[PDB]
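S.K.: pasting the first bit of my complex, frame unchanged:
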Amino acid sequence: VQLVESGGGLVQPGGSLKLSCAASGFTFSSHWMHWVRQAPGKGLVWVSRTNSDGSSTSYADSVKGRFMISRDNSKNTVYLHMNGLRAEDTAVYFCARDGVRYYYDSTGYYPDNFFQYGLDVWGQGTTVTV
């Protein structure tokens, strides 16, 4: 049950960067995937979420407009598109699997309000400096 991450490195302000999160050991197509930020020495910040196909997406007010989530069930990978990156967006981005929702929605599609979640499996993360 792995969650590999890639894309981090040197990034100039107001620039484009795509973060890829690989997956194995589970029915990825059937799970809601999440992006969670964390500053060098600070707290967790939830960034984005995606349902099975990518019809239901959610973003933090802090990233709304400049960020974009996407995924292809073929490659079993989730992506985070970050355009116009401001200096305050510097952090270690994490991709997490909402495993609890699977005990409730075996499809991982249905965009319900306040459905039971629980970010089960987490990746090692990737540091970006802007």
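M.R.: Structure received. Numbers count the residues shown, from 1 in each chain, chains lettered A, B, ... in the order given.

S.K.: show me where chain A has strands.
M.R.: Secondary structure of chain A (DSSP state E): strands at A:5-6, A:9-10, A:17-22, A:32-38, A:44-50, A:57-59, A:67-72, A:77-82, A:91-98, A:119-122, A:126-129.

S.K.: okay, the ones you listed in TSV with mean neighbour count next?
M.R.: Where C-beta positions appear, they are placed from N, C-alpha and C, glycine not excepted. Output for those, formatted as TSV (neighbours: other CB atoms under 10 Å):
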stretch	mean neighbour count
strand A:5-6	16
strand A:9-10	10
strand A:17-22	18
strand A:32-38	23
strand A:44-50	19
strand A:57-59	16
strand A:67-72	17
strand A:77-82	22
strand A:91-98	23
strand A:119-122	17
strand A:126-129	16
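
S.K.: could you dump those strands into CSV and include distance to residue A:111?
M.R.: Formatted as CSV, the strands of chain A follow (distance: least, CB to CB, whole Å):
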stretch, distance to residue A:111
strand A:5-6, 25
strand A:9-10, 33
strand A:17-22, 21
strand A:32-38, 9
strand A:44-50, 10
strand A:57-59, 9
strand A:67-72, 13
strand A:77-82, 17
strand A:91-98, 12
strand A:119-122, 17
strand A:126-129, 27
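
S.K.: out of those, nearest to residue A:109?
M.R.: Of all those, strand A:32-38 sits nearest to residue A:109, with 9.0 Å by CB to CB.

S.K.: elements contacting that closest one?
M.R.: Here strand A:32-38 touches strand A:17-22, strand A:44-50, strand A:77-82, strand A:91-98, going by 3 or more CB pairs under 8 Å, 6 or more residues apart in numbering; DSSP states H and E.

S.K.: quick one, which of the ones you listed is nearest to residue A:9?
M.R.: That would be strand A:17-22 among the helices and strands packed on strand A:32-38, by CB to CB, at 8.2 Å.

S.K.: slot chain B in:
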Amino acid sequence: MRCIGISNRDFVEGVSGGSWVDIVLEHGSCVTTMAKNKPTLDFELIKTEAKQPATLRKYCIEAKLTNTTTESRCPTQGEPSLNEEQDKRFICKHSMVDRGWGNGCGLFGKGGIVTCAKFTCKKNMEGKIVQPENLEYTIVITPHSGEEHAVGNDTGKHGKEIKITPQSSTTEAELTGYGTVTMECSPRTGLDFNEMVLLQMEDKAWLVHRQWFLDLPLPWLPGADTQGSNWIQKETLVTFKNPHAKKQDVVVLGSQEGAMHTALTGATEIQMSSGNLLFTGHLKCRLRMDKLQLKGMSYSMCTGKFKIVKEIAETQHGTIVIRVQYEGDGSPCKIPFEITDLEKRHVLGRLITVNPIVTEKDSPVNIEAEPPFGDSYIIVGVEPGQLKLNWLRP
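M.R.: Time to bring in chain B:
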């Protein structure tokens, strides 16, 4: 001299000398007007422009669906609702989906689903209503001033630019050194803009029947809402799909650009060169050479010898152009010119560039004349050193 080198060149001359003369101007046409004791002029319509267009509607021919939002409720939990529903840039639709234990509902039954997507127009067409009287015409009046660079010079400001509307047709144009020519025009468009819409599509345009334009099944914005966001009839290019009561999906219908062009076969097309409109129709104009006068005429003939500074070239109409420089003294001067037979007996062939004069010695003069068929002699200057040049014309 601007017309020299144009295929569709019309040589027009007045009756009973040439006080007045009728000319037809069109895009691609060029007219050389001649009147006795009056300077030869070149007229060319270079621009046609619809000047006060009123957008009726603006149609979306290429649509893009972005920012997709979906919300669902369990059975006996109410109709779902998104704030994107009230937003007019979005297109929403509700449906019913089978809900159970296996998909996250405590009870089995139909559960409400709602999908919303932002409608963004990629490519569009516009329908402008043009008042016929508001069509501005730009005509260049280039005299036959022998001028070194005059001959076919498109940009170098040799001719006077004048603007005409079907409304304001009568114009007096001042040609420096020649006087004023009066133009009474009359446009022969071929097709009026009565119950016609000028349908503009990027670089192409058409003239279409009003009700037909107002009946196209495409998303549209009114003339009142240009740069607007709320596109009416988004449904004409957006379709919702839910055939198994499992998931609702939004789908576009693809670019109607090509589809449109096919419907616009039985429509009058209008072309565009350098981003401006080229109306197929003619333009009849009446001229008045009454206040026109030849530059000089009160001058004395050239005492000195002439030098042919450029090889005689024949135009597509059989006329010839000759560039000659003055090596003598007397400038401002008057060039002696004649086309005769092989024994100098009779003066044959006419002169297109009437009253050829030398202003500055250093500046060459371009003389255009129609030589007769067969064998002729071009005679430039007076004795001694008279330029004798044999000409061939089958």
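
S.K.: and residue B:337, what does it touch?
M.R.: B:351, B:356, B:367, B:369, B:379, B:380 (CB atoms under 8 Å, 6 or more residues apart in numbering or on different chains).

S.K.: can you tell me how far it is from residue B:393?
M.R.: Residue B:337 sits 17 Å away from residue B:393, taking CB to CB, to the nearest Å as the criterion.

S.K.: is residue A:120 in contact with residue A:98, as I believe?
M.R.: Yes. Between residue A:120 and residue A:98 there is a contact at 7.1 Å, judged by CB atoms under 8 Å.

S.K.: related to what we said a few turns ago, looking at the contacts of residue B:337, which is nearest residue B:229?
M.R.: residue B:367 (64.4 Å).

S.K.: so that closest one sits in a strand?
M.R.: Yes. Per DSSP: H, G, I helix; E, B strand; the rest coil, residue B:367 lies within a strand segment.

S.K.: residues touching it, list them.
M.R.: Contacts were defined as CB under 8 Å, 6+ apart; by that measure residue B:367 touches B:146, B:321, B:322, B:323, B:324, B:335, B:337, B:351, B:353, B:356, B:380.

S.K.: out of those residues, which are inside strands?
M.R.: Members of these lying in strands (criterion: DSSP E): B:321, B:322, B:323, B:324, B:337, B:351, B:380.

S.K.: these, buried ones only, as a PyMOL selection?
M.R.: To isolate the buried ones among the ones in strands among the contacts of residue B:367 in PyMOL, judged by 16 or more other CB atoms under 10 Å in any protein chain shown, type:
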select buried, chain B and resi 321+322+323+324+337+351+380
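
S.K.: surely residue B:332 is in contact with residue B:295?
M.R.: No. Between residue B:332 and residue B:295 there is no contact under CB under 8 Å: 9.4 Å.

S.K.: also put chain C in, sequence below:
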Amino acid sequence: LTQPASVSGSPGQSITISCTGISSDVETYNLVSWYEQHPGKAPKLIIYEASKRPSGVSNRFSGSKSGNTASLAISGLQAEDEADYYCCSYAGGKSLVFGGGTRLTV
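M.R.: Okay, here's chain C dropped in alongside the others:
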């Protein structure tokens, strides 16, 4: 979501970590989530659905739900529990928010 800055407690002692942040709906607090993160390392789900504990997580870890508060209890502190604890819940029906962060000092 406001969490206390840091909670200190002796080994053997039982403590509790609060979590409260403006939201006026039972849909929020009944769905609080707790995460255990050691420095540099990746976070770990210790409590979901306010009280539910996943297999692997020690018996000592408890999950409480108040009207407008959420609590994480560590009944019997051990040296190994010295880490960072973050609560989490729904901002809106389709949105998640993490708490301030509590630094557990054994």
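
S.K.: I figured residue A:101 hits residue A:32, correct?
M.R.: Yes. Using CB under 8 Å, residue A:101 makes contact with residue A:32 at a distance of 5.3 Å.

S.K.: can you check which residues contact both of the two?
M.R.: Common contacts of residue A:101 and residue A:32, defined by CB under 8 Å, 6+ apart, comprise A:108, A:117.

S.K.: residues in contact with whatever residue of chain A ends up closest to chain C?
M.R.: Evaluated by CB to the nearest CB, chain A has residue A:113 as its residue closest to chain C, separated by 2.7 Å. For residue A:113, the contacting residues are B:71, B:73, C:27, C:92, C:93, C:94, by CB under 8 Å, 6+ apart.

S.K.: near chain A, from the residues you listed?
M.R.: Contacts with chain A within these, as defined by CB under 8 Å from any CB of the partner chain: B:71, B:73, C:27, C:92, C:93, C:94.

S.K.: identify the farthest-apart pair in the residues you listed.
M.R.: Among the ones next to chain A among the contacts of residue A:113, B:73 and C:92 lie farthest apart (CB to CB), at 15.2 Å.

S.K.: between those two, tell me which one has more neighbours.
M.R.: Higher neighbour count among residue B:73 and residue C:92: residue B:73, with 20 against 15, using other CB atoms under 10 Å in any protein chain shown.

S.K.: care to break chain B down by domain?
M.R.: Using curated CATH domains, the domain ranges for chain B come out as B:1-51+B:131-190+B:268-294, B:52-63+B:122-130+B:191-231+B:253-267, B:64-121+B:232-252, B:295-394.

S.K.: residue B:9: which of the ones next to chain A among the contacts of residue A:113 is nearest?
M.R.: Residue B:9 lies nearest to residue B:71 out of the ones next to chain A among the contacts of residue A:113, by CB to CB, at 71.0 Å.
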